[PDB]
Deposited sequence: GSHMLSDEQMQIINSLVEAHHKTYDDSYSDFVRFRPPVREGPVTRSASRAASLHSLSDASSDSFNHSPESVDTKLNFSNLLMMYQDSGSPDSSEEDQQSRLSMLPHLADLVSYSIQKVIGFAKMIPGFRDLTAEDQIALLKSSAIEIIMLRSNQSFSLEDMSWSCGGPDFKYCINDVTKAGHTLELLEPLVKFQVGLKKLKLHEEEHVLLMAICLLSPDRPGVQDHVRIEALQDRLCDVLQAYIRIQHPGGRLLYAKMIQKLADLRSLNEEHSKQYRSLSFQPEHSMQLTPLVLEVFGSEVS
């Protein structure tokens, strides 16, 4: 009926790592290629994603146990989970009032229609937005949002993972933290853990549709040249 000392240190270092790698001011967005509203939004959103991958890598390196994985498994885990973690962390800027991501003035407010102008279609953006409002209605604690991202990232059921048992145990140690956290520290949350595990299944199906729609981008050199070298490396097929 009370969190372990180990379980709160896990929560601590995961919450601190999210604060180091998530800026609520979004002030760095002025450094991206400006948005334009042909694929007019693709340079700005490709910069936005590229920046976000760098933040996700910074977060991941501070999940307890992730550094001790081989560099191969680290890369395997980041390559196939990155768009899910971005979709997850992006909920901090999502808003039900506008059904958009509000990261600034009108410039860094990302409508559904802006993201279409980046080479993605409704069949991704429709489930993605729906996912965001469901996620938003869970009204998660900071400790739960942060745990969910790390549980998502530490999925052993991902292409190319070598050490299935080592990461499965890591993901299990984190799920136990989340289950205990919700039960001890979240009133009225007895049905919440199941709803977050559901959100992971939603992420796989969004990840699948994105990577398919991304392949269609990356095969047109006129569009792929608008990406960044990190994006291309993270979302392409290698070892």
For this session: Compare what was deposited with what's modelled and send me the C-alpha-less stretches, numbered from 1.
Result: 1 to 2, 40 to 99, 302
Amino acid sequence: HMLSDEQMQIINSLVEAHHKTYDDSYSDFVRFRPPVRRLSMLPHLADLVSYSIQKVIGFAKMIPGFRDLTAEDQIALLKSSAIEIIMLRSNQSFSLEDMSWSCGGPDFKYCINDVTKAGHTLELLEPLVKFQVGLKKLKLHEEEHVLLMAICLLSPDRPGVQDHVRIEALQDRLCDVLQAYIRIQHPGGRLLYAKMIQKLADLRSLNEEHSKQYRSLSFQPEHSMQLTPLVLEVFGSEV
From here on, numbers count along this sequence of modelled residues.
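Take the two forms, find the largest set of C-alpha atoms that superpose within 1.5 Å, and that set is the rigid core.
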Seminar exercise, completed: Stretch farther from shown form by Cα RMS in 9 other deposited structures of this protein, picked from 203 to 211 and 179 to 187 after core fit, is 179 to 187
For this session: Quick one: core-superposed, which stretch strays further from the shown model in 9 other deposited structures of this protein, 103 to 111 or 84 to 92? Go by RMS C-alpha distance.
Result: 103 to 111
For this session: Going by the average Cα B-factor in the PDB entry, point out whether 82 to 90 or 117 to 125 comes out higher.
Result: 117 to 125
Exercise. So which stretch wins on mean C-alpha B-factor, 46 to 54 or 24 to 32?
Worked result: 24 to 32
Exercise. Looking at the C-alpha B-factor of residue 136, is it in the lowest, middle or highest third of its chain?
Worked result: middle
Exercise. Of the three thirds of its chain by CA temperature factor, lowest, middle or highest, which one includes residue 98?
Worked result: highest
For this session: Sorting the chain's modelled residues by C-alpha B-factor, tell me whether residue 161 ends up in the lowest, middle or highest third.
Result: highest
Problem set entry | residue 168 by Cα B-factor - lowest, middle or highest third of the modelled chain | highest
Exercise. Would the CA B-factor of residue 70 place it in the lowest, middle or highest third of its chain?
Worked result: middle
